[PDB]
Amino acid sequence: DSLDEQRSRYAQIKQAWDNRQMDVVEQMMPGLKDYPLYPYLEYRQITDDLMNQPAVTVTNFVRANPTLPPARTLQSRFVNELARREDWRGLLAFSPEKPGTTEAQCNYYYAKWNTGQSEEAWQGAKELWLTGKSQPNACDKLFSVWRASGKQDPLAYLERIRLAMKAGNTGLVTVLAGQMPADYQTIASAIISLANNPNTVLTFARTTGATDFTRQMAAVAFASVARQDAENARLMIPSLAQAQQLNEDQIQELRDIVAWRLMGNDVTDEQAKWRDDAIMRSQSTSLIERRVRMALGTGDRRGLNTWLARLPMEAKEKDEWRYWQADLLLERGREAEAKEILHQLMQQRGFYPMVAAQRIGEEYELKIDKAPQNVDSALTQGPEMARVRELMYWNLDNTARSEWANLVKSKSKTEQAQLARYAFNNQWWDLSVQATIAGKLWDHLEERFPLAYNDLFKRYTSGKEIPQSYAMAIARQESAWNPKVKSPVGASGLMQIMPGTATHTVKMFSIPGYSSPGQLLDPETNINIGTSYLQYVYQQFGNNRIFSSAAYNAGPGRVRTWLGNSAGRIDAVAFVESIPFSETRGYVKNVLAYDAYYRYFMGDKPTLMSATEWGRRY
């Protein structure tokens, strides 16, 4: 036998198993015991008949496979199975300690109650209860018996309502209030009305006694009202403050809430004056920063000076604010002071340090820490690494990611760097990036920005205007090089392409061969469709990477709106910094920094922006 022969038998047994040709599977299983992925086959066998498995079989498998990710998840999964059988005694015998998942924990504590450990059951129940998030259905029976025992503090019940409201879980707020303990029955209907429609907030505030609870509940509803109609909320502050006898801090929180909603281009002069007075009296760093961004997005020089100075000392430490302080100083003619800030920034890593270098006409110096010369350690010669190798061979990147996660966890920085380089040397691009993240090896640039799928990116950008380095930067930001990753909303693969976008792109470009979103998990297909959409937004916005990156993340419509807002009054850096969506602003900064890294590794000059991008009016 050999690893090569085992590989063929492995693919063949899975093919048989998928077809339920169990006579073939039964005959082949024993012969695969020496293959690294045999534990995955055992896991499949055990789980295939989980409802009839004795606990001893599961316990033996879990103990025999301490580093196998699915053996670890099987512990909580089997706890849930024992709960399904109502085998409470067995559940605790199988899992004497609190399990890993929330659902398994709900069942563990219910098992404790069933086996006479009420005090312990209630301690667990309370911990699971104190969250605004909706918990597993398994916890319902636990919360029910907990309340039935008389040991559930009514204050804990009311606290969950507050947490649910703050989390925006109005459905849970309503369910809880509908089953309100007698202690607070008098405000139940009012709470249900508030969760149903936040516009009942002033009525809620006037008809209930003002307490820390009702004030916090009203403040959340008030924020919802402001999101719908900022003016209605602004005008309500005096009445709300009077109805609940709000203190200065509470009134200022209400002012902050409204000010956040008066950041649009549409605001009246009366509203803008009120907003700025509110921000002047604010303690909110994020609100002041949003106001600074408004000044940057409109070319307001006096405003930038005024608002940057209102930031607390701590916020002024941020890269962006140090650069904009330098920008103000340069205009004021304070060359030395400004350039010292820029030179200090250049010593650092990232977007602003690169902006700083381009601003003063100096070449940015990339700090590149190297991994050890010797990458071979016990960690690269063990059974877990052998499983990783097989998983990568079969392109099972998501499964490999879980194994790799265990391998890099709790290791020294040196070991994590060796593992990153070992992955890099084997062209396991996603694993290389994953290891740099685990070890926070931020300056190990080569391993953080591998030349992944180089030939494919070259081929698919040769007939387009988007640079190869740029397409690679976008993919690096989107997937961290894992071709099999899918987001919760369905974005898929290397360039995180949404099914709708793929369909629309294939029609617009007359691309052949695409019939299902599942094809987006294939590297070439993904690069083909993704480079096509990227090229589309690139040409649409005049071959400008700031616009195409923003359009790829937020859609062309949003970029048009943003450009209509700045209206040609600002520079490239001010346009990036003033993008109102924090996610898109960060995305653009990352992609531009990554494109420079890619250009460097491809042998080109890593200047942050082209002369055209740098000098254009935004």
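Position 1 is the first residue in the sequence shown; the rest follow in order.
The PDB entry records a higher mean C-alpha B factor for 308 to 316 than for its counterpart among 388 to 396 and 308 to 316.
Averaged over CA atoms, B-factors in the entry run higher in 499 to 507 than in the other of 499 to 507 and 522 to 530. Of the candidates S95, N80, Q358, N247, the one whose C-alpha carries the top B factor in the deposited record is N247. Taking only the listed residues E447, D443, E335, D183, the entry reports the highest CA temperature factor at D183.
Sort the chain's modelled residues by C-alpha temperature factor and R585 lands in the lowest third, per the entry. In this PDB entry, the Cα temperature factor of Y460 sits in the bottom third of its chain's modelled residues, the lowest group. In this PDB entry, the Cα temperature factor of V292 sits in the bottom third of its chain's modelled residues, the lowest group. In this PDB entry, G124 carries a Cα temperature factor that places it within the middle third of its chain's modelled residues.
Ranked against the other modelled residues of its chain, the C-alpha B-factor of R9 as given in the entry falls in the lowest third.
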